[PDB]
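Novice: Structure provided below as structure tokens; questions to follow.
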Amino acid sequence: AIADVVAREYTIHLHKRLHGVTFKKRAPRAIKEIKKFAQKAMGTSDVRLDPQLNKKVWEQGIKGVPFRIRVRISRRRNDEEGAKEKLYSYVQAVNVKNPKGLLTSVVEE
RNA sequence: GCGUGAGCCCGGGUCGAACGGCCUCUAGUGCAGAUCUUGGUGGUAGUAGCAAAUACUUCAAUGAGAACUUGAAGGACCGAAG
Ligand SMILES: [Mg+2]
Ligand SMILES: [Mg+2]
Ligand SMILES: [Mg+2]
Ligand SMILES: [Mg+2]
Ligand SMILES: [Mg+2]
Ligand SMILES: [Mg+2]
Ligand SMILES: [Mg+2]
Ligand SMILES: [Mg+2]
Ligand SMILES: [Mg+2]
Ligand SMILES: [Mg+2]
Ligand SMILES: [Mg+2]
Ligand SMILES: [Mg+2]
Ligand SMILES: [Mg+2]
Ligand SMILES: [Mg+2]
Ligand SMILES: [Mg+2]
Ligand SMILES: [Mg+2]
């Protein structure tokens with residue numbers, strides 16, 4: 001019985017998703033993979049990436065995407081009256097030096 | 001419906017201002033071709049294709065509608081015979 005408004009932290013293993021893709025498409029493909037990951041995790045289909053997360057993805061150039069990335073995905077209410085979906089997932093990067101050895105963890109203020 | 005035939009006449013529809021039969025006279029008088037002339041239109045066919053010049057991404061604004069509008073941020077190229 002997970003409440004709509006919920007936030008978790010995940011480790012996305014981007015290495016196995018970007019394995020073998022064209023160098024000029026590595027970072028955009030990682031962006032799309034992050035969006036798809038949030039879609040699968042929160043069942044929301046409306047995913048918004050933090051510009052800090054975009055900076056973290058593009059930090060090492062177009063083909064230097066990190067093997068793992070620690071993110072926080074927060075499913076929250078879309079209050080816009082014209083919204084086709086009632087919920088959206090906003091995903092940002094977690095301030096950690098390395099993402100190794102971390103489990104999926106629920107986060108609450 | 002008539003004529004072997006070229007054709008002729010009528011019914012119905014559309015349409016809107018002229019036209020026909022008979023005897024003579026006259027000719028720029030009869031088309032499937034000429035890689036014919038001009039114009040229009042097909043199959044091919046939603047097909048060939050839209051692949052040189054390294055490359056785009058996130059958020060926001062605008063807007064009926066945004067990859068190729070703009071702002072910010074990031075990532076890149078031209079690399080002083082630019
Ligand atoms: Mg390969
Ligand atoms: Mg009149
Ligand atoms: Mg003639
Ligand atoms: Mg002809
Ligand atoms: Mg002939
Ligand atoms: Mg012609
Ligand atoms: Mg043609
Ligand atoms: Mg094609
Ligand atoms: Mg070509
Ligand atoms: Mg193409
Ligand atoms: Mg090109
Ligand atoms: Mg608007
Ligand atoms: Mg472009
Ligand atoms: Mg060069
Ligand atoms: Mg250079
Ligand atoms: Mg000089």
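Read the figures in this text as sums done on the coordinates, not as results from a lab. Neighbour counts are summed over all protein chains in view; Cβ atoms, including those assigned to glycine, are modelled from backbone coordinates with ideal geometry.
Novice: Which of the residues that make up region A:18-50 are surrounded by 18 or more Cβ atoms within 10 Å (Cβ to Cβ) and away from RNA strand B (no atom under 13 Å from the Cβ)?
Specialist: A:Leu18, A:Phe37, A:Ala41, A:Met42
Novice: Would it be correct to say that A:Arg68 is under 13 Å from the mean Cα position of the chain (by Cα), more than 9 Å from RNA strand B (Cβ to nearest atom) and more than 22 Å from A:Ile2 (Cα to Cα)?
Specialist: Against the criterion (under 13 Å from the mean Cα position of the chain (by Cα), more than 9 Å from RNA strand B (Cβ to nearest atom) and more than 22 Å from A:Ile2 (Cα to Cα)), A:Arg68 qualifies.
Residues are listed down the side, and each one gets a yes or a no for (1) under 21 Å from A:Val106 (Cα atoms); (2) of a type in the set (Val, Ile, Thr); (3) under 11 Å from the mean Cα position of the chain (by Cα):
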residue: A:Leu18; (1), (2), (3): no, no, no
residue: A:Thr22; (1), (2), (3): no, yes, no
residue: A:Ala30; (1), (2), (3): no, no, yes
residue: A:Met42; (1), (2), (3): yes, no, yes
residue: A:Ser74; (1), (2), (3): yes, no, yes
residue: A:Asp79; (1), (2), (3): no, no, no
residue: A:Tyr88; (1), (2), (3): yes, no, no
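Novice: Right, another one. Could you check region A:4-33 and list, in sequence order, the residues that are touching a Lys or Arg at 6+ places or on another chain (Cβ under 9 Å) and among the aliphatic types (A, V, I, L, M)?
Specialist: A:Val5, A:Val6, A:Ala7, A:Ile12, A:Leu14, A:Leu18, A:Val21, A:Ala27, A:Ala30
Novice: Test A:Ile62 against the criterion of being away from RNA strand B (no atom under 13 Å from the Cβ) and aliphatic (A, V, I, L, M), and give yes or no.
Specialist: no
Novice: Can you tell me which residue is farthest from A:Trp58 (Cα to Cα) among those in region A:8-17 that are more than 16 Å from RNA strand B (Cβ to nearest atom) and not charged (D, E, K, R)?
Specialist: Among residues in region A:8-17 that are more than 16 Å from RNA strand B (Cβ to nearest atom) and not charged (D, E, K, R), the one farthest from A:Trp58 (Cα to Cα) is A:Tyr10.
Novice: Can you name the number of the only condition in (1) away from RNA strand B (no atom under 14 Å from the Cβ); (2) touching a residue at least 24 places away in the same chain (Cβ under 8 Å); (3) more than 19 Å from A:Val5 (Cβ to Cβ) that A:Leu87 fails?
Specialist: Evaluating A:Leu87 over (1) away from RNA strand B (no atom under 14 Å from the Cβ); (2) touching a residue at least 24 places away in the same chain (Cβ under 8 Å); (3) more than 19 Å from A:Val5 (Cβ to Cβ) leaves (3) as the failure.
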